[PDB]
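Asks:
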Amino acid sequence: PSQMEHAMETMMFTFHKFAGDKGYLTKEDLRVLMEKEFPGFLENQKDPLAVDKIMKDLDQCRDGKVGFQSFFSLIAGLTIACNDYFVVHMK
Amino acid sequence: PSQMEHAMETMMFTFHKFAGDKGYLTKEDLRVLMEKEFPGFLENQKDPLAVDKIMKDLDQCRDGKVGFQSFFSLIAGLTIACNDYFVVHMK
Amino acid sequence: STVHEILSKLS
Amino acid sequence: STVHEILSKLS
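Protein sequences, first through last, are from chains B, A, D and C. With PDB author numbering applied, the first sequence has no gaps in its numbers, which climb one by one up to 91 at the end. With PDB author numbering applied, the second sequence has no gaps in its numbers, which climb one by one up to 91 at the end. With PDB author numbering applied, the third sequence has no gaps in its numbers, which climb one by one up to 11 at the end. With PDB author numbering applied, the fourth sequence has no gaps in its numbers, which climb one by one up to 11 at the end.
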């Protein structure tokens, strides 16, 4: 498998891991996910409303459910922010 | 670091590796990036124009260049397809 | 390894 | 190791 394929699999298996048989994640799931997979970020975000605000944007329909694609939209936004930051300050 | 951070780095460094200092991919870089990452995918499409059609949806501006965010829409597009297949047939 | 699986059946 | 540190600069 290539590195790209291992990476895509890790992101697929991640979401499933926190989503359960129910196939989606609640806000209770986003937080944990975010805690165990991005440790230096919510805690370093100073605010206590961290997760709620993430989810605001993830949940159009306010049904309290985050599915795969919206999950991907989270990762996309974090990855593109890091890339922006990398190209300017580090590349 | 977490698995997720490792996955994101690997995608962002994968971009930078085929794009070089110029910071963007061209059609040729896109095809080499698919040949080396995802070599079971292209060739199993039976279409020798596959790359060209991918490039076509990715070049909003028709300027022949694929930035980080279009490359990312391409990876989301494959990841989300991989997950719809996996939920239905493999879990 | 399963992503490599899958990608082959999408192709 | 590099995404971890940049996330920290976004945090």
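Using N, Cα and C, we set each Cβ at its ideal position, and we do this for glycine too.
#1: What would DSSP say about A:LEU25, mapped onto helix, strand or coil?
#2: Which whole-angstrom value is the C-beta distance of B:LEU78 and A:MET12, which I expect to be below 8 Å?
#3: Report the option in B:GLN45, B:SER70, B:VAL66 whose CA atom is closest to the CA atom of B:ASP29.
#4: Could you tell me the boundaries of the alpha helix (DSSP H) in which A:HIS89 lies?
#5: Expressed to the nearest angstrom, what Euclidean distance is found between the alpha-carbon atoms of B:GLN69 and A:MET4?
#6: Excluding sequence positions up to five away, which residues of its chain have a Cβ less than 7 Å from the Cβ of A:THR26?
#7: Would you call B:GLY40 buried or exposed, if buried means 16 or more other Cβ atoms sit within 10 Å of its Cβ?
#8: Which bits of chain A does D:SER8 rub up against, with CB to CB less than 8 Å?
#9: Just to confirm the assignment, what range does the alpha helix (DSSP H) spanning A:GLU9 have?
#10: Would you mind telling me which residues of chain B sit closer than 9 Å to D:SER1, beta carbon to beta carbon, in chain order?
#11: In angstroms, rounded to a whole number, what distance separates the CA positions of A:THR14 and B:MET55?
#12: I'd like the span of the alpha helix (DSSP H) that includes A:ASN44, first residue to last.
Replies: Walking through what the data contain:
#1: In the three-state DSSP reduction, A:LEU25 falls in the strand class (E or B).
#2: Contact annotation, B:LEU78 with A:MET12: C-beta distance approximately 10 Å; criterion of less than 8 Å not satisfied.
#3: When each option's Cα is compared against that of B:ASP29, the closest is B:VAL66.
#4: Where A:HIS89 is concerned, there is no enclosing alpha helix (DSSP H), because DSSP gives it neither an H nor an E.
#5: C-alpha separation (whole angstroms): 16 Å.
#6: Once the five neighbours on either side are set aside, the close Cβ partners of A:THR26 are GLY64, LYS65.
#7: Taking a 10 Å sphere around the C-beta of B:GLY40, we find 16 or more other C-beta atoms and assign the residue as buried.
#8: Think of a sphere of 8 Å around the beta carbon of D:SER8: the chain A residues whose beta carbon falls inside it are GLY40, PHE41, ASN44, in chain order.
#9: That run of the alpha helix (DSSP H) goes 3 to 19.
#10: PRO1, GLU5, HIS6, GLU9, listed in chain order.
#11: Rounded to the nearest angstrom, the two C-alpha atoms are 29 Å apart.
#12: Unbroken run through A:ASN44: none, as it is neither H nor E.
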